[PDB]
Amino acid sequence: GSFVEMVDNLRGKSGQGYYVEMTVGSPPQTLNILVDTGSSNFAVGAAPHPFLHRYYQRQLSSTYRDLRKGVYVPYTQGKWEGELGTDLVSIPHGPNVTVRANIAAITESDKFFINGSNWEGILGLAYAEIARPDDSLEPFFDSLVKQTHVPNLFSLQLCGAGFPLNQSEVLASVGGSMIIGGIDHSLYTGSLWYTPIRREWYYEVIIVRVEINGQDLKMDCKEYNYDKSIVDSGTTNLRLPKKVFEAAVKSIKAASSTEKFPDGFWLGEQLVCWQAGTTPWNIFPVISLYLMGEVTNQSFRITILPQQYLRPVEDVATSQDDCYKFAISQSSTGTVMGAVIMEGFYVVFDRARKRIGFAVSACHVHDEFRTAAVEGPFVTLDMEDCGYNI
Amino acid sequence: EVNXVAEXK
Ligand SMILES: [Cl-]
């Protein structure tokens with residue numbers, strides 16, 4: 001696996017999402033697009049907006065075709081509405097192919113675009129079942145795969161800087177790689193461990209076991225996938241269902257309760273600061289997620305460091321310090337393996353064989369002591385029972 | 001923070 005053109009083609013930050021550059025229409029207009037495995041709608045700003053430095057102008061694409069249907073997408077936070085249509089799309093640092101795709105011209109947004117986030121659109125990489133207005137609205141990836149020789153698979157290497165990033169610095173830094181139709185061997189170390197996709201809608205997985213420093217949380221594993229568990233590049237934190245959240249937090253407090261912390265810290269509302277270079281990593285637990293594997297009774301695990309679940313943030317005050325926001329949050333809609341998780345791993349969305357691969361990111365953020373890992377195989381029983389059912 | 005599509009809304 002060797003796709004040199006697409007290595008380093010993303011930019012961004014776990015806080016505001018990762019984006020790739022695309023083009024649209026004839027002649028073609030360049031837009032930065034947020035990569036989002038947590039939805040299935042390709043949509044772009046098509047009208048001016050405080051935060052947007054540029055936008056899609058249909059009136060200038062000779063190949064644009066209006067579909068005369070409105071759409072409305074509501075995300076976990078933020079929502080928009082637009083008009084549907086099609087036009088020709090390309091990725092400059094992707095494969096040299098052009099593709100007619102459904103595109104939503106976003107005409108009203110609310111809490112959607114981020115100030116100086118640098119992206120102007122969203123690329124929903126998930127499956128048609130969750131496309132709005134309905135599943136007959138074919139997702140971008142589907143079209144790419146149907147109309148060209150690109151294989152039905154892509155991979156993401158989300159890279160964290162290790163420290164806060166400016167807007168200037170985000171633009172100039174490399175934010176990661178999105179390999180389309182492939183796996184690049186140089187972006188990961190160790191081995192790819194695949195988990196099955198439970199159902200083609202979100203990229204849904206089953207978590208069978210959860211460990212903090214190796215200590216099982218001892219829960220009916222059904223609790224970890226209540227009511228789904230998904231991988232999502234457009235979610236900042238690892239988000240967890242209420243029962244599990246409290247249980248997990250408790251455990252971490254215990255593991256590093258050589259320091260009690262502001263209560264608003266855990267609820268993600270406050271920073272924590274240490275002097276430059278003096279961040280006490282070793283005092284913080286590692287988290288392990290065991291994921292249903294390929295064969296019956298077989299699973300594997302992935303392990304994240306505190307470097308993953310404590311987001312670096314710029315302290316406007318002091319600024320010569322090292323500050324973090326706690327990047328694990330509560331959820332009332334199942335588990336979400338957000339970007340904070342993924343920046344540990346090369347992740348492989350093997351749509352063609354209904355499975356998701358994990359490997360250790362060649363670019364991951366680590367200390368001279370521990371390091372993140374993808375280990376297996378483990379033997380767990382009656383895994384199907386961890387799946388939750390409506 | 002980003003948090004990308006909802007069920008129903
Ligand atoms: Cl055409």
# chains A, B, ... in the order shown; residues from 1 in each chain; ligands from 1
$ interface_residues --of "chain B" --to "chain A" --cutoff "6 Å" --atoms "only C-alpha atoms" --output "PyMOL selection string"
chain B and resi 1-6
$ residues_near_ligand --ligand "ligand 1" --cutoff "9 Å" --atoms "only C-alpha atoms and all ligand atoms" --output "PyMOL selection string"
chain A and resi 63+87-88+99-100
$ write_last_selection --atoms "C-alpha atoms" --output "compact mmCIF listing (two decimals), in the first residue's frame"
# COMPACT_ATOMS: atom_id res chain seq x y z
CA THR A 63 -22.51 21.72 -14.85
CA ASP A 87 -22.34 18.95 -9.66
CA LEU A 88 -18.91 17.68 -10.55
CA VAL A 99 -17.54 12.48 -10.12
CA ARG A 100 -21.12 13.80 -10.26
$ select_by_dssp --residues "region 43-105 of chain A" --states "strand (DSSP E or B)" --output "JSON, numbers by chain"
{"A": [43, 44, 45, 65, 66, 67, 68, 69, 70, 71, 72, 73, 74, 79, 80, 81, 82, 83, 84, 85, 86, 87, 88, 89, 90, 99, 100, 101, 102, 103, 104, 105]}
$ residues_around --residues "residue 354 (chain A)" --least-positions-apart "2" --cutoff "8 Å" --atoms "only C-alpha atoms" --output "short mmCIF file (atom, residue, chain, number, x, y, z; two decimals) with N, CA and C atoms, in the first residue's frame"
data_model
loop_
_atom_site.label_atom_id
_atom_site.label_comp_id
_atom_site.auth_asym_id
_atom_site.auth_seq_id
_atom_site.Cartn_x
_atom_site.Cartn_y
_atom_site.Cartn_z
N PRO A 196 -16.06 -5.89 13.19
CA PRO A 196 -17.16 -5.91 12.22
C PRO A 196 -17.99 -4.68 12.34
N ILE A 197 -18.58 -4.26 11.23
CA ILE A 197 -19.55 -3.17 11.25
C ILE A 197 -20.91 -3.81 11.55
N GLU A 200 -24.86 -1.09 8.50
CA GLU A 200 -24.45 0.00 7.64
C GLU A 200 -25.41 1.15 7.77
N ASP A 350 -13.20 -0.22 6.00
CA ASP A 350 -13.23 -1.24 4.95
C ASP A 350 -14.65 -1.60 4.59
N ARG A 351 -15.31 -0.63 3.98
CA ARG A 351 -16.70 -0.71 3.60
C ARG A 351 -16.97 -1.97 2.79
N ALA A 352 -15.98 -2.40 2.01
CA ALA A 352 -16.20 -3.46 1.07
C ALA A 352 -16.33 -4.77 1.78
N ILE A 356 -14.04 -2.36 10.24
CA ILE A 356 -13.19 -1.21 10.56
C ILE A 356 -11.86 -1.68 11.15
#
$ residues_around --residues "residue 7 (chain A)" --least-positions-apart "6" --cutoff "10 Å" --atoms "only C-alpha atoms" --output "PDB file with N, CA and C atoms, in the first residue's frame"
ATOM      1  N   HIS A  93      -5.762  16.567  -3.753  1.00  0.00           N
ATOM      2  CA  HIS A  93      -4.789  15.612  -3.232  1.00  0.00           C
ATOM      3  C   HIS A  93      -5.442  14.264  -2.932  1.00  0.00           C
ATOM      4  N   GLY A  94      -6.180  13.784  -3.917  1.00  0.00           N
ATOM      5  CA  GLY A  94      -6.813  12.485  -3.874  1.00  0.00           C
ATOM      6  C   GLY A  94      -6.657  11.863  -5.248  1.00  0.00           C
ATOM      7  N   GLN A 157      -5.863   8.986   9.030  1.00  0.00           N
ATOM      8  CA  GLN A 157      -4.863   9.183  10.049  1.00  0.00           C
ATOM      9  C   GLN A 157      -5.065  10.567  10.593  1.00  0.00           C
ATOM     10  N   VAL A 174       0.780  20.027   9.147  1.00  0.00           N
ATOM     11  CA  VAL A 174       0.050  18.875   8.555  1.00  0.00           C
ATOM     12  C   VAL A 174      -0.881  18.251   9.578  1.00  0.00           C
ATOM     13  N   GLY A 176      -2.920  15.504   9.060  1.00  0.00           N
ATOM     14  CA  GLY A 176      -3.173  14.097   8.877  1.00  0.00           C
ATOM     15  C   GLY A 176      -3.399  13.738   7.430  1.00  0.00           C
ATOM     16  N   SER A 177      -3.845  12.497   7.241  1.00  0.00           N
ATOM     17  CA  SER A 177      -4.016  11.912   5.929  1.00  0.00           C
ATOM     18  C   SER A 177      -5.329  11.171   5.816  1.00  0.00           C
ATOM     19  N   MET A 178      -5.965  11.360   4.662  1.00  0.00           N
ATOM     20  CA  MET A 178      -7.134  10.582   4.299  1.00  0.00           C
ATOM     21  C   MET A 178      -6.778   9.837   3.048  1.00  0.00           C
ATOM     22  N   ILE A 179      -6.607   8.518   3.158  1.00  0.00           N
ATOM     23  CA  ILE A 179      -6.218   7.701   2.019  1.00  0.00           C
ATOM     24  C   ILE A 179      -7.472   7.135   1.424  1.00  0.00           C
ATOM     25  N   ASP A 184      -2.143   3.007   3.245  1.00  0.00           N
ATOM     26  CA  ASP A 184      -0.731   3.334   3.095  1.00  0.00           C
ATOM     27  C   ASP A 184       0.083   2.736   4.252  1.00  0.00           C
ATOM     28  N   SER A 186       3.031   3.089   5.437  1.00  0.00           N
ATOM     29  CA  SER A 186       3.878   3.983   6.253  1.00  0.00           C
ATOM     30  C   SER A 186       3.178   4.800   7.368  1.00  0.00           C
ATOM     31  N   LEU A 187       1.859   4.832   7.382  1.00  0.00           N
ATOM     32  CA  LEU A 187       1.151   5.649   8.344  1.00  0.00           C
ATOM     33  C   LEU A 187       0.892   4.951   9.665  1.00  0.00           C
TER      34      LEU A 187
END
$ residues_around --residues "region 168-172 of chain A" --least-positions-apart "6" --cutoff "9 Å" --atoms "only C-alpha atoms" --output "MDAnalysis selection string"
chainID A and resid 11:13 118
$ closest_residue --among "A:180, A:286, A:72, A:161" --to "residue 8 (chain B)" --atoms "only C-alpha atoms"
A:72
$ residues_around --residues "residue 46 (chain A)" --least-positions-apart "5" --cutoff "12 Å" --atoms "only C-alpha atoms" --output "ChimeraX atom specification"
/A:24,29,31,52-60,80-85,103-109,120-121
